[PDB]
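# Next input, structure requested:
(one chain, ligands or ions: 3)
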Amino acid sequence: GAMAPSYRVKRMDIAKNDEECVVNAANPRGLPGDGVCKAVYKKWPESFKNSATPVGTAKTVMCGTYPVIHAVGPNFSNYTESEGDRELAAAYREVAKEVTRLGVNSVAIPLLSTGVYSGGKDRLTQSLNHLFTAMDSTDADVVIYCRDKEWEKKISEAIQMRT
Ligand SMILES: [Cl-]
Ligand SMILES: [Cl-]
Ligand SMILES: [Cl-]
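Numbers count the residues shown, from 1 in each chain. Ligands and ions are numbered 1, 2, ... in the order given. Coordinates below:
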């Protein structure tokens, strides 16, 4: 575990993370995809061997000794708000299980279902709060990656509020 487990947020490409493992915002079929998923595919393409896994689940594949945790959030274009919310909470709980199993001291994580899976809605708070529900009981240092300046400010504020 980390000496004093923390939450941080960085505005940069998760493919250049400084953590012991990464969470991919994966699709269920293990395809290269776009956004985070495409950056992860370019950096760790070996990790997409048998990475296909259902919505609401996480599947880890090694790239050398570096773990890639393929987390499949729901596409809110396809799910109702109610059912999408259940599956988004589930994917984060499976991430917490994998991070614990691997014994890592840090993890890089994107906000699942906030990009092309958002169904055109702002899901910062929804996705962030499910991340906390899952990861609060783990002792890994969590580093949340985003791309938007206003999102970085809002995520930083949400972290500080709890402290
Ligand atoms: Cl960057
Ligand atoms: Cl997404
Ligand atoms: Cl973002």
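# and this structure, which of its residues are near ligand 3?
By C-beta under 5 Å from the ion, the residues of the chain that approach ligand 3 are 146, 147, 148, 151. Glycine gets a C-beta too; all of them are placed from N, C-alpha and C.
# Return the residues in contact with the third one.
The reference is to residue 148. Residue 148 sits next to residue 11 when contact means C-beta atoms under 8 Å, 6 or more residues apart in numbering.
# now the strands: where do they sit in the protein?
Counting by DSSP state E, the segments of the chain that form strands are 7-11, 22-25, 58-63, 66-71, 106-110, 141-146.
# Can I get those strands in a markdown table including mean neighbour count and distance to residue 90?
Shown next, in a markdown table, are these (neighbours: other C-beta atoms under 10 Å; distance: least, C-beta to C-beta, whole Å):
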| stretch | mean neighbour count | distance to residue 90 |
| --- | --- | --- |
| strand 7-11 | 17 | 21 |
| strand 22-25 | 28 | 14 |
| strand 58-63 | 19 | 9 |
| strand 66-71 | 23 | 10 |
| strand 106-110 | 23 | 15 |
| strand 141-146 | 23 | 18 |
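# I'd like those strands laid out as a markdown table, including distance to residue 44.
Listed next are the strands of the chain as a markdown table, based on distance: least, C-beta to C-beta, whole Å:
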| stretch | distance to residue 44 |
| --- | --- |
| strand 7-11 | 18 |
| strand 22-25 | 7 |
| strand 58-63 | 4 |
| strand 66-71 | 5 |
| strand 106-110 | 12 |
| strand 141-146 | 15 |
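# Of those strands, which is nearest ligand 2?
Closest approach to ligand 2 among the strands of the chain (C-beta to the ion): strand 22-25, 5.1 Å.
# ok, and the closest non-adjacent residue to residue 77?
Spatial nearest neighbour of residue 77, chain neighbours left out: residue 119 (4.9 Å); criterion: C-beta to C-beta, 6 or more residues apart in numbering.
# No further queries at this time; thank you.
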